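Protein chains in written order, with PDB author numbering: chain A, 1033 to 1081; chain B, 1033 to 1130; chain C, 738 to 833, 844 to 934; chain D, 984 to 1032; chain E, 689 to 737.
A virtual CB, placed ideally from N, CA and C, is assigned to each residue, including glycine.
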């Protein structure tokens, strides 16, 4: 599994499957694509006591 | 953010900024460079009462009197707790345990 | 190469003119490119690092990859073995029955490289001293010393293996490493 | 008038030979440059890290 | 104009021992440039002209 961005397809890479082709190879890059985001209010730290 | 060494500039890579150029591209590689290091006495493990203690994320260092856990790329000493360390084995098998 | 250099044959190469200069430019570019290739591969450090005079690294024996000071080449046993297994045919020297390098008399000369074998060996020695005494820290800033078992315990965490696996089997891992380095010369 | 055309034949032979040699040297220099870029990448990513 | 054997680099001996580690207390955010070619000038040649 590769952490290289867009080396193994667009998105967060999970798996890849080779397939034989005439004079070449075809990869089926299984990537994790985020979807349906929602806005939230964030903070760098929480002050308790 | 690339973990490949010297692929995105010298140092620990943080960001890069492309710039347009005639017949080319110019990258501005923002890297993290450590500086102002100090010598510390280290140990692979801490022997408390027969158990061997190893750091979860950091490193055991000493200032000469007391031992601390600090993170690996920045000096930030912390008290050696069971939250910072994990227990594996006993004290008889680790070479250099203190 | 074209004319016998004892003749007016060279007065007809002016009829073609810009062709020999184009080869001399192209071969000069190839030569500078080869020197650039050697410089990019081996000059990865700006400082020449040295090993400590006590070569004890927690049971890991690096004597077959560190340079041997008892030999004038200042190379490792593996490097001294590698230069002996390549039947080298360069002629990058001034020294003048005949061998294959009698092709110099037809105008075919060999330029010596910018970095000699000793300087490439010193770059390799600096890289080895850095990666033994400092881990990956010398390649991303200043060299930060670390015990080599502690370095290997950092390197076990990079492959998903906890630190106590190394320290409880340090003698075994050192023996496996020393056996595996010794099989490189045999292979 | 006849030695000129004979040597012009020979000189064009040597011109073609030298151009062929420099074309193969440029192709092999591109191959060695690719191998040296791979070697420098392996040095930086295997030795320095 | 002088001629000299090239200085291969600075000389540095790392203070190695079996129980000493060096950890930085500060840092430096460094920005460096990398100029790298992408395209070249597209030329078209007329045969008979």
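The region 1038 to 1045 of chain B and the region 882 to 898 of chain C touch, with no fewer than 3 CB-CB distances between them shorter than 8 Å. Going by beta carbons, residue 876 of chain C and residue 761 of chain C fall outside the 7 Å limit. Cβ-Cβ separation between residue 1083 of chain B and residue 1122 of chain B: approximately 7 Å, consistent with a contact (criterion under 8 Å). Under the 8 Å Cβ criterion, the region 906 to 921 of chain C does not count as touching the region 719 to 736 of chain E, having fewer than three qualifying pairs. Using a Cβ-Cβ cut-off of 7 Å, residue 1022 of chain D counts as an interface residue toward chain C, since at least one Cβ of chain C sits closer than that to its own.
Its chain contains 1075 and 1076 as the residues whose beta carbon lies nearer than 7 Å to that of residue 1128 of chain B, once the 5 sequence neighbours on both sides are disregarded; these appear in chain order. Taking all protein chains in view, the Cβ of residue 1080 of chain A is surrounded by fewer than 16 other Cβ atoms within 10 Å, so the residue is classified as exposed. A residue is called buried once 16 or more other Cβ atoms fall within 10 Å of its Cβ, and residue 1013 of chain D, having fewer, is exposed.
Residue E/696 holds the alpha-carbon nearest to the alpha-carbon of residue 862 of chain C among E/691, E/713 and E/696. In the three-state scheme derived from DSSP, where H, G and I count as helix and E and B as strand, residue 870 of chain C is classed as helix.
Residue 891 of chain C is a Cβ neighbour of residue 881 of chain C, given a cutoff of 7 Å. Going by DSSP, residue 759 of chain C is part of the alpha helix (DSSP H) stretching over 757 to 779.
At a cut-off of 7 Å between C-beta atoms, residue 786 of chain C counts as an interface residue with respect to chain E. Taking a Cβ-Cβ cut-off of 8 Å, the neighbours of residue 782 of chain C in chain E comprise 697, given in sequence order. Of the residues assessed, residue 907 of chain C falls on the exposed side of the cut-off, its CB having fewer than 16 other CB atoms within 10 angstroms.
Membership of residue 1072 of chain B in the beta strand (DSSP E) is indicated by the continuous run 1056 to 1075. According to the DSSP assignment, residue 1025 of chain D belongs to the alpha helix (DSSP H) that extends over 986 to 1025.
The beta carbons of residue 776 of chain C and residue 1026 of chain D sit about 12 Å from each other, so the pair does not count as a contact at 8 Å. In the three-state reduction of the DSSP assignment, residue 751 of chain C falls in the helix class, which pools H, G and I.
For the C-beta of residue 1027 of chain D, the chain B residues within less than 9 Å are, from N- to C-terminus, 1036, 1037, 1038 and 1039. Between the alpha carbons of residue 773 of chain C and residue 1020 of chain D lies a distance of about 10 Å. In the same chain as residue 815 of chain C, and ignoring 5 residues on each side of it, the C-beta atoms closer than 8 Å to its own belong to 801, 802, 931 and 932, in chain order. Within the region 864 to 898 of chain C, the residues whose Cβ lies closer than 7 Å to any Cβ of chain D are, in chain order, 874, 878, 883 and 886.
At a C-beta separation below 7 Å, residue 716 of chain E has these neighbours in chain B: 1065 and 1067.
In this structure, residue 798 of chain C keeps its C-beta atom at 7 Å or more from the C-beta atom of residue 904 of chain C. Distances from the CA of residue 743 of chain C to each of C/845, C/853, C/756 and C/832 were compared; the closest alpha carbon is that of C/853.
Proximity of residue 789 of chain C to chain E, defined by a Cβ-Cβ separation below 7 Å, is satisfied.
Residue 738 of chain C reaches chain D at 997, 1000 and 1001, counting residues in chain order whose Cβ is nearer than 9 Å. Residue 810 of chain C is classed as exposed because its beta carbon has fewer than 16 other beta carbons within 10 Å across all chains shown. The straight-line gap separating the alpha-carbon atoms of residue 1091 of chain B and residue 893 of chain C is approximately 11 Å. Look at the region 716 to 732 of chain E: the residues with a C-beta under 9 Å from a C-beta of chain B are 716, 717, 718, 719, 720, 721, 722, 723, 724, 725, 726, 727, 728 and 729. Within chain C, the residues placing a beta-carbon under 9 Å from that of residue 1121 of chain B are 911, 914 and 915, ordered along the chain. Around the Cβ of residue 1060 of chain A, a 10 Å sphere holds fewer than 16 other Cβ atoms; the residue is exposed.
Residue-level contact by beta carbon fails for residue 1045 of chain B and chain E, as no gap is shorter than 7 Å.
Taking 7 Å as the threshold, the shortest C-beta distance from residue 986 of chain D to chain C does not fall below it.
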